[PDB]
Undergrad: 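Please read through the structure below; I'll follow up with questions.
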Number of protein chains: 2
Amino acid sequence: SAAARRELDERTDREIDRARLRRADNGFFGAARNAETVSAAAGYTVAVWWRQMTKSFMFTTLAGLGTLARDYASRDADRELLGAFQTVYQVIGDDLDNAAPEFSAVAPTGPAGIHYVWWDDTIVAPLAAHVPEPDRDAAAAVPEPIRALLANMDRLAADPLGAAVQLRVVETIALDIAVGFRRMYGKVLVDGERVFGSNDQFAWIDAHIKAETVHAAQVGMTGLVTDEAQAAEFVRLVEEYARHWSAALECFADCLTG
Amino acid sequence: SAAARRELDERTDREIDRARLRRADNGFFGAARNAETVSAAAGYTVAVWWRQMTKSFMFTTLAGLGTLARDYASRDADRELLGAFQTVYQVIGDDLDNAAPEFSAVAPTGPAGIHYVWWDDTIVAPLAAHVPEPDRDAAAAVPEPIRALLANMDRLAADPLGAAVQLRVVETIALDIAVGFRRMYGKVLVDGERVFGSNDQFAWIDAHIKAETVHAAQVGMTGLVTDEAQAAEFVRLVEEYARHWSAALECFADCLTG
Ligand SMILES: CC[C@H](C)[C@H](N)C(=O)O
Ligand SMILES: CC[C@H](C)[C@H](N)C(=O)O
Ligand SMILES: [Fe+2]
Ligand SMILES: [Fe+2]
């Protein structure tokens with residue numbers, strides 16, 4: 001339980017390395033290179049996929065926290081478990097209640113600020129006007145990779161380590177995705193005009209960029225892990241979850257290169 | 001779904017009326033009358049029971065929030081559900097992370113401030129020194145009424161309406177319990193001396209008094225309820241939960257009058 005914590009963290013980054021999730025390796029982040037004016041339709045398709053992915057992420061992570069809590073009503077928890085418990089609760093509050101100042105400063109109030117709602121409202125909606133009603137059945141269909149990620153989430157919703165796994169993996173990729181979104185949606189043209197013209201139209205993306213970059217410079221999630229039996233399962237779950245995340249982001253990449 | 005909300009709330013207070021939970025009706029709050037120097041042992045017994053009751057309350061309510069969340073990953077939720085979702089998350093943050101200013105101002109930092117921890121540390125511990133190691137097996141035994149409340153909590157942990165039920169019932173009785181605790185522990189004598197001498201030794205109790213009184217003057221939980229099928233079940237669950245809460249508080253009362 002001593003260097004064990006250090007090895008778990010280093011192994012987890014190894015799993016994320018291997019899953020091809022790093023800035024350099026995942027095809028989606030190369031969307032920067034795809035100056036090819038992202039089609040409004042391509043932007044809509046990814047935006048609608050992302051809406052469900054982030055909605056599921058938030059709800060199944062809160063569900064995963066509830067699952068842990070179920071167990072600790074009875075079992076006595078060390079001060080270290082309780083602190084990681086608190087951390088998970090705090091971190092989840094960003095997506096559900098804009099708890100962090102980088103978000104509350106700018107996000108809409110109340111349920112309008114739930115990040116899958118805020119995203120649906122300022123990204124999915126503008127692009128819908130520029131996409132035909134028949135064309136919107138291309139997103140109504142979620143590719144197997146994206147459906148596999150959502151089902152991994154559903155499983156982790158019921159797993160005593162699911163919150164820890166989802167937050168640990170997503171926090172490492174969150175900035176690259178948010179920068180990928182600012183690049184790709186900055187290249188959506190309607191007869192040569194940016195659908196997303198002004199800076200304020202990017203509020204969601206830039207609050208995440210800000211929140212995430214300052215985070216990665218001021219440094220645990222694995223604090224929930226106690227037995228080496230748990231650490232083994234954590235890595236196993238991380239392997240599965242990171243892999244699904246990468247192939248889902250690959251669908252974003254293929255979408256940009258039809 | 002219109003006056004339906006109003007009737008649900010009024011019926012819920014009727015159920016709490018009937019369960020004999022109001023200040024006037026539940027035997028525990030009459031502890032004020034029990035000037036009979038509360039025995040340290042009596043204080044210890046109730047404190048240890050309360051520790052588990054509040055620990056279970058917090059964890060099974062968070063668990064109940066996770067259960068709701070499980071469902072809403074997939075199902076589309078109206079802006080009203082989402083707002084009640086946010087409210088439950090906020091309210092739970094008091095007990096888990098001293099979210100409200102009345103608490104963060106005064107509570108210990110980090111896991112030390114989780115209210116069942118903070119209570120164990122400043123109420124259970126002082127009284128333990130004044131209670132013999134053999135005598136502490138009177139609390140190690142939880143009376144059926146208190147065990148029945150804990151099991152109701154465990155069931156509600158897995159119920160899509162459990163959080164709503166627990167928070168709705170507990171918020172109506174929270175001030176009376178906290179005042180009952182300030183009265184009863186102000187009357188614990190060790191050879192004629194207050195075990196709890198100074199005002200600072202009452203920090204936990206008084207933060208709750210403050211947080212709860214200001215709350216009851218600045219006015220929903222049932223926002224989670226949609227169908228009349230849910231409202232019916234809500235009242236049913238409230239009937240069961242309030243009844244268990246009252247008999248558990250009756251065990252506190254009997255304990256003070258051995
Ligand atoms: C998957 C979650 C990402 C990183 C971000 N928190 C959001 O609101 O979508
Ligand atoms: C049952 C919960 C009570 C009212 C209080 N919130 C506590 O910390 O114990
Ligand atoms: Fe977010
Ligand atoms: Fe509390």
Side-chain angles (χ1 to χ4, degrees), chain A residues 21 46-47 49-62 91-100 102-104 106-107 113-124 146 149-150 152-153 166-181 203-213 215-216 241 244-245 248-249 252, chain B residues 50-51 53-59 61-62 73 91-100 102-104 106-107 113-119 123 166-167 170-171 173-175 177-178 181 203-212 215:
Chain A
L21 272 166
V46 169
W49 292 344
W50 179 252
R51 190 187 57 206
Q52 186 53 229
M53 297 164 64
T54 185
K55 171 203 204 194
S56 282
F57 163 75
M58 172 182 85
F59 274 130
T60 57
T61 297
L62 193 52
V91 172
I92 284 169
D94 288 341
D95 293 71
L96 178 62
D97 209 26
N98 291 296
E102 262 325 306
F103 286 119
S104 48
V106 84
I114 292 157
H115 289 182
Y116 87 82
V117 184
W118 185 17
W119 171 270
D120 193 14
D121 279 354
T122 57
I123 302 300
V124 157
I146 289 179
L149 173 58
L150 300 169
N152 203 163
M153 287 173 166
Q166 291 206 72
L167 290 181
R168 176 52 157 98
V169 163
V170 168
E171 70 165 341
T172 80
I173 59 185
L175 179 60
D176 291 334
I177 306 187
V179 167
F181 280 153
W204 189 108
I205 291 164
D206 285 330
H208 281 86
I209 285 164
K210 293 183 209 201
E212 276 311 317
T213 318
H215 266 327
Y241 190 68
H244 284 139
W245 255 108
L249 288 162
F252 288 17
Chain B
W50 179 252
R51 190 187 57 206
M53 297 164 64
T54 185
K55 171 203 204 194
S56 282
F57 163 75
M58 172 182 85
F59 274 130
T61 297
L62 193 52
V91 172
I92 284 169
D94 288 341
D95 293 71
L96 178 62
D97 209 26
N98 291 296
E102 262 325 306
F103 286 119
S104 48
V106 84
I114 292 157
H115 289 182
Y116 87 82
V117 184
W118 185 17
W119 171 270
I123 302 300
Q166 291 206 72
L167 290 181
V170 168
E171 70 165 341
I173 59 185
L175 179 60
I177 306 187
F181 280 153
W204 189 108
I205 291 164
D206 285 330
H208 281 86
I209 285 164
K210 293 183 209 201
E212 276 311 317
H215 266 327

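By convention in this document, chain letters (A, B, ...) are assigned in the order of the sequence lines, proteins followed by strands, and residues within each chain are numbered from 1. Side-chain atoms are counted along with the backbone in the values below, which use heavy atoms only and exclude waters and symmetry mates. One-based numbering, in listed order, for ligands and for the atoms of each.
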Undergrad: Distance check, rounded to the nearest 0.5 Å: A:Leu96 atom CG versus A:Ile114 atom CD1?
TA: 5.5 Å

Undergrad: Partners of A:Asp120 by salt bridge (charged side-chain N to carboxylate O under 4.0 Å, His left out), sequence neighbours excluded?
TA: A:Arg51

Undergrad: Assess the pair A:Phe103 and A:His115: is the distance between their ring centroids shorter than 6.0 Å?
TA: yes

Undergrad: Between B:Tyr116, B:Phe181, B:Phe57, which is the residue that forms a ring pair (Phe, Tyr, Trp, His ring centres under 6.0 Å) with B:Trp50?
TA: B:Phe181

Undergrad: Ignoring hydrogens and geometry, is there a side-chain-to-backbone donor-acceptor pair from A:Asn98 to A:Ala107 under 3.5 Å?
TA: no

Undergrad: Determine how many protein N/O/S atoms sit closer than 2.8 Å to the Fe ion (ligand 4), leaving waters out since they are not shown.
TA: 3

Undergrad: Could you work out, with side-chain hydrogen bond (donor to acceptor under 3.5 Å, both in side chains) as the rule, every residue matching B:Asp94, not counting sequence neighbours?
TA: none

Undergrad: Please output the residues near ligand 1 using a strict heavy-atom distance under 4.0 Å, listed in chain and residue-number order.
TA: A:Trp50, A:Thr54, A:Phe57, A:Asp95, A:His115, A:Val170, A:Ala174, A:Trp204, A:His208

Undergrad: Before you tell me yes or no, could you show the steps for A:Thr54 and A:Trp118 under side chain to side chain contact (heavy atoms under 4.5 Å, CB included), namely the whole-Å CA-CA distance, both residues' side-chain angles and the distance that decides it to 0.1 Å?
TA: CA-CA 11 Å; A:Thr54 185; A:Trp118 185 17; over 6 Å; no

Undergrad: Quick one, A:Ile209 and A:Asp206 - any side-chain contact, counting heavy atoms below 4.5 Å?
TA: yes

Undergrad: Please answer whether the main-chain N or O of B:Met53 pairs with a side-chain N or O of B:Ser56 as donor and acceptor at a distance below 3.5 Å.
TA: no

